[PDB]
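*Asks:* The structure under discussion is supplied below as structure tokens; questions concerning it will follow.
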Amino acid sequence: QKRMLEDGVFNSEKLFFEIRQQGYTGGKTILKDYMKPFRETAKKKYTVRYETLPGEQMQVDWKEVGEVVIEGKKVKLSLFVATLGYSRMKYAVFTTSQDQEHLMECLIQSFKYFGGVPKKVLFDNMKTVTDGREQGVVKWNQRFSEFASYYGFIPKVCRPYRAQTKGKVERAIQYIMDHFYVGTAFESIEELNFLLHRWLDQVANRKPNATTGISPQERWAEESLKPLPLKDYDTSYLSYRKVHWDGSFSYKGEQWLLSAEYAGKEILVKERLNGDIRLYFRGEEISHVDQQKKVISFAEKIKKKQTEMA
Amino acid sequence: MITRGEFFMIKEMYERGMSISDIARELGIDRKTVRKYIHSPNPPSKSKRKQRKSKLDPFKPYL
DNA sequence: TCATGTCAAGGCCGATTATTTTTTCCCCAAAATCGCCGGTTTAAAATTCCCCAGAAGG
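Take a look at the structure:
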């Protein structure tokens, strides 16, 4: 028994031979029997699947699933599905891509829809979430770790890294969603996600499972969703930019003109996923750059500043 | 290409007396791969490849 | 309305494409190990059968 507890050796013939060397007067075969219930309980443990407790994990998963030409520009549609374990409810949304900021936005949306947070969140291996896993030393990130601590949950990405017991269910739910929804709202992916949310509220979260026979919404209601902090960890890209001695800097191919005090110093641009840029310098907030949909050349910006100073 | 830690774990658990097949199951590795690594000197996690041809090779002397 | 600095290149990072290597999965065949059941052997426990003493009844 201690041999199995410590060394996990469920080999019956070997243990019988060992104890025979130790002075055993019994028979190999009854020890084979005895070690069977042991290894059979071990195989029961091996087959142990779906150990989801109420409010334990929301089964996060990402995948590129679509392609659209939004505004005449090709873009790859990326879908996020968080399945709430025990309840079996799932929040699904496909918006832009697999960037970390959109990941956090989707997690916040799922928490708001579920009205709370679970104990932990289980992800899938990818570029985001974790930069790199080295022999169990999983260094996820700094900002992501702060976000997880802020909301309360913790990353526990340890799914099976094979097509068995992870890929099977993932593709199952993926194509189940694809076939049942198969919606096409409009060229704009935002409207597509709007109709997706309607479909999820109508015939996805209220679709009883054949085995349980109860809509997952009831289990979700009875699950433990601890209240979320009621505020959202910032979902804006943070990026530093140096200002040339011209009082100018650059961001995503557009060049901005600052004032004299800001020339030659490092500002921090914060861009919400909404699409508004805010310039924070030395902790404080500086004047907005009146961002416009139409791109204006640096020459026009210089002319505008000249006229303004006039 | 099991990493240093993976090879250390395989060798240690095998020498402890644990069966090899369930070792492979636990570490998510093929049984043949694990058995081959049982009788191996040190963790293999490096592959050496030499340079290869590029597009700017013919122009390189001129540049 | 004066006067008033501006543009290009290099480096780095990210994403995509192409090539090579490694690992896994599925199917079939052979060998080894493990598990279960049955039989045999050994040890311990239970029941029944004959003669001596004590007690009760006519």
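As given, the protein sequences belong to chains A and B, one line each in that order. Heads up: the first sequence begins at 64 in UniProt numbering, then just goes up one per residue. Heads up: the second sequence begins at 1 in UniProt numbering, then just goes up one per residue. Idealized CB from N, CA, C, for every residue including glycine.
1. What does the alpha-carbon distance come out to for the pair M98(A) and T88(A)?
2. Measure the Cβ-Cβ separation of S299(A) and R335(A) and say whether it is below 9 Å.
3. Does any residue of chain B bring its CB to less than 9 Å from the CB of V111(A)?
4. Rounded to a whole number of angstroms, what is the C-alpha to C-alpha distance between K357(A) and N188(A)?
5. Hey, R222(A) and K229(A) are a contact pair by Cβ (cut 8 Å); roughly how many whole angstroms apart?
6. Compare the C-alpha of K153(A) against each of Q354(A), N272(A), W308(A), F312(A) and name the closest.
7. What is the rounded straight-line gap between the Cα of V72(A) and the Cα of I38(B)?
8. For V144(A), list the residues DSSP reports as bridge partners.
9. Is there a Cβ from chain A that is less than 9 Å from the Cβ of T33(B)?
10. In whole angstroms, what is the alpha-carbon distance linking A145(A) and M240(A)?
11. Strictly by DSSP, which residues pair up with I330(A)?
12. Please decide whether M1(B) counts as near chain A, where near means a Cβ-Cβ distance under 9 Å.
13. At a Cβ cut of 8 Å, what residues of the region 215 to 228 of chain A count as close to chain B, listed as they run along the chain?
14. With a threshold of 6 Å on Cβ separation, who are the neighbours of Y176(A) within its own chain once the five nearest residues in sequence on each side are excluded?
15. From the DSSP output, in three-state form, read off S208(A) for me.
16. At the level of alpha carbons, what is the spacing between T159(A) and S173(A)?
17. Could you work out which residue in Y149(A), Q354(A), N204(A) is closest to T275(A) when comparing CA atoms only?
18. Please list the terminal residues of the continuous beta strand (DSSP E) segment that includes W203(A).
19. Can you give, in chain order, each stretch of the alpha helix (DSSP H) that sits fully within the region 192 to 269 of chain A and has at least 4 residues?
20. Could you tell me whether any Cβ in chain A is nearer than 9 Å to the Cβ of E12(B)?
21. List, in chain order, every chain A residue whose beta-carbon is nearer than 8 Å to that of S45(B).
22. Taking the alpha-carbon of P117(A) as reference, which of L255(A), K289(A), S302(A), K136(A) has the nearest alpha-carbon?
23. Beta carbons nearer than 8 Å to chain A: which residues of the region 18 to 31 of chain B have them?
24. Roughly how many angstroms lie between the CA atoms of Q318(A) and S311(A), to the nearest whole one?
25. Are the region 131 to 146 of chain A and the region 244 to 256 of chain A in contact at 8 Å, needing three or more beta carbon pairs?
26. Using a Cβ-Cβ cutoff of less than 8 Å, which residues in the same chain neighbour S47(B) once the five nearest sequence positions on both sides are dropped?
27. By a C-beta neighbour count over all protein chains shown, 10 Å radius and 16 as the cutoff for buried, is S75(A) buried or exposed?
28. For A267(A), count neighbouring Cβ atoms within 10 angstroms of its own Cβ and tell me buried if that reaches 16, exposed if not.
29. Using CA atoms only, rank isn't needed, just tell me which of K91(A), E371(A), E119(A), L342(A) is closest to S313(A).
30. Would you please verify whether the beta carbon of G230(A) is less than 9 Å from any beta carbon of chain B?
31. Could you tell me which chain B residues have their CB closer than 8 Å to the CB of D70(A), listed as they occur along the chain?
32. By the criterion of Cβ-Cβ separation under 7 Å, what are the contact partners of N74(A) in chain B?
33. Are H307(A) and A284(A) closer than 9 Å when you measure CB to CB?
34. Could you please give the first and the last residue of the uninterrupted beta strand (DSSP E) stretch that includes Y314(A)?
35. Are the C-beta atoms of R4(B) and some chain A residue less than 9 Å apart?
*Replies:* Well, looking at it:
1. 17 Å
2. yes
3. no
4. 38 Å
5. 5 Å
6. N272(A)
7. 17 Å
8. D124(A), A155(A)
9. no
10. 13 Å
11. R304(A)
12. no
13. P223, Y224, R225
14. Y154
15. helix
16. 16 Å
17. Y149(A)
18. Careful: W203(A) lies outside any beta strand (DSSP E) and carries neither H nor E.
19. 206 to 214, 231 to 244, 252 to 262
20. no
21. Chain A residues near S45(B): none, gap ~10 Å exceeds 8 Å.
22. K289(A)
23. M18, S19, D22, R25, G28
24. 7 Å
25. yes
26. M1
27. buried
28. buried
29. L342(A)
30. no
31. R16, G17, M18
32. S19
33. no
34. 311 to 314
35. yes
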